[PDB]
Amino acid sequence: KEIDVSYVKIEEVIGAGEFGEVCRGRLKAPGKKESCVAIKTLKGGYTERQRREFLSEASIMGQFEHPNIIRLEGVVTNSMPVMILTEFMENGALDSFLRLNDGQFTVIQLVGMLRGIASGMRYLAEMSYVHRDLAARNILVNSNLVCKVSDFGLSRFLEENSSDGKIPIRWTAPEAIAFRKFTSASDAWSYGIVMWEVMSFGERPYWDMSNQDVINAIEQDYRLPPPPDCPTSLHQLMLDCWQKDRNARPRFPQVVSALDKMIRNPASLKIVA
C-alpha cells in the first residue's frame, strides 16, 4: 500500500542496507494512532531493475502476516526518496544485540527467542516460502525480546545465474551449496546454525575457517560443538537440523514442538556438556 509522504516523519539514521539508509521515524495516518516505523530509503542514481529489486522486499513482506515475521506498513513510490516502511524493532539485529548482552540473558529467554524464530519459519514453510538467508543477522528483536524474521527477496543468488548476492556458505545446507536445491529442509539447516549463533551470544559460525574450509569440514562430518554452557538438548536439536540427508532433518512444526517441550520442562536444560 502506498503511503502519503506527509504521513511520515524521519527521526534518525540508524543503519545501512544494500541500497541505502535505514532510519527510524513515525507513521501517522488519518484515523490511526501514530506508530514508530523503520524506513528503508533508496535515493537517486539507481537503475529500474534495482528499484524493482528494492521494492520486491515490500511486495513479499506484504504477502505475510505473523507475529514473528516483520510487518510491512507500506511503501512510498511516487516521491523521492523511494521508501519501504515496516514496524520498528527497537533492539535491531539479534547477532549484534546478543554480542552487546553477552551472557546476560537466561537459557529460558534464549529458548524463547529461538521459539519465536522457529514459529516464523514454520509460517513461511507453510506458505511454501523458502528463506535462503536465515541467519541471526536477519532476525530483528523488539523491546519485549520478540524475535522476527526479516530479509525477503526472490532473486537468484549469483552462482545460480549467467555464467558471466552470493550464497551465505556458513548458513547454507550442503545440498543447497552443491546443487542449489533450496527448500524448507535447507532452511532447517540454517535454523540450526541460528540456534548456535544464539546460544553463543552472536559468535561467527565456524570462527576463522574459510568458506571452502566449511564446505569440506561439513562434507567430512564435522559439526559445530556445543557453545559454552549450552544445554545438551539444544545442541542435539542443532545436530538434527544438520543431518546430511535433508529428509532426516526436523520440519519446523517439530522444531517448534521440541522448543515448547523444553520451555514446559526447564529442568531438562540444566544438562550441559
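Note that the rigid core is defined as the largest set of C-alphas that superpose within 1.5 Å between two forms. Sequential numbering from 1, following the sequence displayed.
- In a rigid core superposition of the other structures in 5 other deposited structures of this protein, 211-219 and 27-35 differ in how far their CA atoms stray, and the farther one is 27-35.
- Across the superposed structures in 5 other deposited structures of this protein, aligned by the core, the stretch whose Cα atoms lie more distant on average is 70-78, chosen from 70-78 and 108-116.
- Of the other compared PDB entries of this protein that include residues on both sides, at least a third leave residue 46 without atoms.
- In every other compared PDB entry of this protein that covers both flanking sides, residue 103 is modelled, so it falls short of the one-third threshold for missing coordinates.
- The question of which stretch, 122-130 or 149-157, has the higher mean Cα B factor is settled in favour of 149-157.
- Of the two segments, 183-191 and 76-84, the one listed with the higher mean B-factor is 76-84 (C-alpha atoms only).
- As recorded in the entry, 49 carries the highest CA temperature factor of 49, 66, 235, 223.
- Sorting 163, 172, 200, 91 by the CA temperature factor given in the entry leaves 163 at the top.
- In the deposited entry, the Cα temperature factor of residue 177 places it in the middle third of its chain's modelled residues.
- Remark: residue 240 belongs to the lowest third of its chain, ranked by C-alpha B-factor as recorded.
- Among the modelled residues of its chain, residue 262 has a C-alpha B-factor that falls in the middle third, as given in the PDB entry.
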